Amino acid sequence: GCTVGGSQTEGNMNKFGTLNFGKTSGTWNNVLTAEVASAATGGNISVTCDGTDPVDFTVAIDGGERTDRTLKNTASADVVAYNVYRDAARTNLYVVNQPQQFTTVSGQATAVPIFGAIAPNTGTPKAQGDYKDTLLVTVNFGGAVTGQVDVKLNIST
């Protein structure tokens with residue numbers, strides 16, 4: 001058997017972790033980054049399987065609450081687009097609903113890295129406040145577990 005590590009059960013859902021982009025003013029000049037911090041330890045989500053042989057699994061991430069990976073501040077209608085990648089260099093997007101291919105490492109927890117990015121926004125001021133989204137991450141073992149990742153950005157003064 002296999003399980004997804006770092007997950008917490010809360011009200012008949014699994015919470016895998018948080019993708020927190022931090023704090024910024026309503027415009028910003030740099031790429032904003034984040035990495036999923038698991039609910040349990042603040043590290044990567046992972047997969048562990050019993051037995052010694054490697055196991056094939058996939059990881060698919062949806063488009064969030066609005067389908068287009070946008071963070072939203074409820075008070076305003078304002079949104080900020082983002083995306084998630086498997087790699088630090090952002091060469092490998094988690095395409096919406098398309099599985100990424102993994103193998104477990106024998107006898108070890110196997111990381112499922114999730115990197116977030118928000119492009120610079122030098123020209124369009126966003127309203128102050130908390131921005132949120134929730135991604136659903138599905139882990140399927142080729143031999144299924146869905147969890148929530150809470151995405152966060154705060155726009156301050």
# chains A, B, ... in the order shown; residues from 1 in each chain; ligands from 1
>>> residues_around(residues="region 70-83 of chain A", least_positions_apart="6", cutoff="9 Å", atoms="only C-alpha atoms", output="PyMOL selection string")
chain A and resi 63-64+93-94+115-119+126-134+151-153
>>> residues_around(residues="residue 135 (chain A)", least_positions_apart="4", cutoff="9 Å", atoms="only C-alpha atoms", output="PyMOL selection string")
chain A and resi 61-65+69+147-151
>>> write_last_selection(atoms="C-alpha atoms", output="compact mmCIF listing (two decimals), in the first residue's frame")
# COMPACT_ATOMS: atom_id res chain seq x y z
CA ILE A 61 -3.33 19.59 -10.29
CA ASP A 62 -6.53 21.38 -11.30
CA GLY A 63 -7.11 25.02 -12.12
CA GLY A 64 -8.29 26.18 -8.72
CA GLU A 65 -11.66 27.61 -7.78
CA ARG A 69 -5.44 29.63 -11.50
CA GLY A 147 -6.11 16.95 -1.36
CA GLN A 148 -6.36 20.71 -1.09
CA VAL A 149 -3.57 23.21 -1.39
CA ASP A 150 -4.45 26.64 -0.05
CA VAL A 151 -2.89 29.43 -2.15
>>> residues_around(residues="region 101-104 of chain A", least_positions_apart="5", cutoff="8 Å", atoms="only C-alpha atoms", output="NGL selection string")
:A and (47-49 or 54-59 or 109-110)
>>> closest_residue(among="A:53, A:35, A:10, A:68", to="residue 112 (chain A)", atoms="only C-alpha atoms")
A:35
>>> select_by_dssp(residues="chain A", states="strand (DSSP E or B)", output="MDAnalysis selection string")
chainID A and resid 2:5 8:10 13:24 28 32:38 45:49 56:61 70:72 79:81 83:85 93 100:103 110:112 115:118 121 129:141 145:155
>>> write_last_selection(atoms="C-alpha atoms", output="CSV table (one decimal), in the first residue's frame")
chain,number,residue,atom,x,y,z
A,2,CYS,CA,0.9,3.6,-0.6
A,3,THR,CA,0.0,6.9,1.1
A,4,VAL,CA,0.5,10.6,0.6
A,5,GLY,CA,2.6,12.0,3.4
A,8,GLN,CA,-3.9,16.4,7.3
A,9,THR,CA,-7.5,15.2,7.5
A,10,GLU,CA,-10.0,18.0,8.2
A,13,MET,CA,-11.2,16.4,3.1
A,14,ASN,CA,-7.5,16.0,2.9
A,15,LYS,CA,-5.4,19.2,3.3
A,16,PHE,CA,-2.0,18.7,1.6
A,17,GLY,CA,-0.6,22.1,2.4
A,18,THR,CA,-0.3,25.8,1.6
A,19,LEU,CA,1.3,27.8,-1.2
A,20,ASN,CA,2.0,31.1,0.4
A,21,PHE,CA,3.4,33.9,-1.8
A,22,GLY,CA,3.8,36.3,1.1
A,23,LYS,CA,3.3,40.0,1.3
A,24,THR,CA,3.5,42.7,-1.4
A,28,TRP,CA,5.6,44.6,-7.7
A,32,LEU,CA,6.8,36.2,-6.7
A,33,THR,CA,7.5,32.6,-5.7
A,34,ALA,CA,6.2,30.0,-3.3
A,35,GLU,CA,6.6,26.3,-2.7
A,36,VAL,CA,3.9,24.0,-1.2
A,37,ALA,CA,4.5,23.6,2.5
A,38,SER,CA,2.8,20.5,3.8
A,45,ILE,CA,4.2,16.5,0.1
A,46,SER,CA,5.4,13.0,-0.5
A,47,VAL,CA,4.5,9.4,-1.3
A,48,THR,CA,5.6,6.3,0.6
A,49,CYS,CA,4.8,2.8,-0.5
A,56,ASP,CA,4.4,4.3,-10.6
A,57,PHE,CA,2.1,7.2,-9.5
A,58,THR,CA,0.9,10.3,-11.1
A,59,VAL,CA,0.1,13.8,-9.7
A,60,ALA,CA,-2.4,16.1,-11.4
A,61,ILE,CA,-3.3,19.6,-10.3
A,70,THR,CA,-6.3,33.0,-10.2
A,71,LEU,CA,-6.0,34.2,-6.6
A,72,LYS,CA,-9.1,36.4,-5.6
A,79,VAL,CA,-7.7,38.7,-9.1
A,80,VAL,CA,-4.0,37.7,-9.6
A,81,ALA,CA,-3.0,34.9,-12.0
A,83,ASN,CA,0.9,28.9,-12.0
A,84,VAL,CA,2.4,25.8,-10.5
A,85,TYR,CA,5.4,23.9,-11.7
A,93,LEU,CA,4.2,23.0,-15.7
A,100,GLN,CA,2.8,14.3,-14.1
A,101,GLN,CA,4.7,11.0,-14.1
A,102,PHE,CA,6.5,9.9,-10.9
A,103,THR,CA,8.1,6.8,-9.5
A,110,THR,CA,9.3,10.4,-2.5
A,111,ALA,CA,8.9,14.2,-2.8
A,112,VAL,CA,6.1,15.7,-4.9
A,115,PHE,CA,6.5,25.5,-7.1
A,116,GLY,CA,4.3,28.5,-7.5
A,117,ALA,CA,5.0,31.7,-9.6
A,118,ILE,CA,3.3,35.0,-10.0
A,121,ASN,CA,2.9,43.3,-12.0
A,129,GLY,CA,-6.3,42.5,1.2
A,130,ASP,CA,-6.0,38.8,1.4
A,131,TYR,CA,-6.1,36.9,-1.9
A,132,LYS,CA,-6.9,33.2,-1.9
A,133,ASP,CA,-7.4,30.1,-4.1
A,134,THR,CA,-7.7,26.4,-3.4
A,135,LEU,CA,-6.1,23.9,-5.8
A,136,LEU,CA,-7.1,20.2,-5.9
A,137,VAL,CA,-4.2,17.8,-6.2
A,138,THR,CA,-4.9,14.2,-7.2
A,139,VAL,CA,-2.4,11.4,-6.6
A,140,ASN,CA,-3.2,8.2,-8.5
A,141,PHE,CA,-1.3,5.0,-7.9
A,145,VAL,CA,-6.0,10.5,-3.1
A,146,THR,CA,-7.2,14.1,-3.6
A,147,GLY,CA,-6.1,16.9,-1.4
A,148,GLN,CA,-6.4,20.7,-1.1
A,149,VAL,CA,-3.6,23.2,-1.4
A,150,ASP,CA,-4.5,26.6,-0.1
A,151,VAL,CA,-2.9,29.4,-2.1
A,152,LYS,CA,-2.3,32.8,-0.4
A,153,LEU,CA,-1.1,36.3,-1.3
A,154,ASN,CA,-1.4,39.4,0.9
A,155,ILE,CA,-1.5,42.9,-0.6
>>> atom_distance(atom1="CA of residue 143 (chain A)", atom2="CA of residue 50 (chain A)")
12.5 Å
>>> atom_distance(atom1="CA of residue 7 (chain A)", atom2="CA of residue 40 (chain A)")
6.1 Å
>>> closest_residue(among="A:12, A:123, A:144, A:52", to="residue 108 (chain A)", atoms="only C-alpha atoms")
A:52
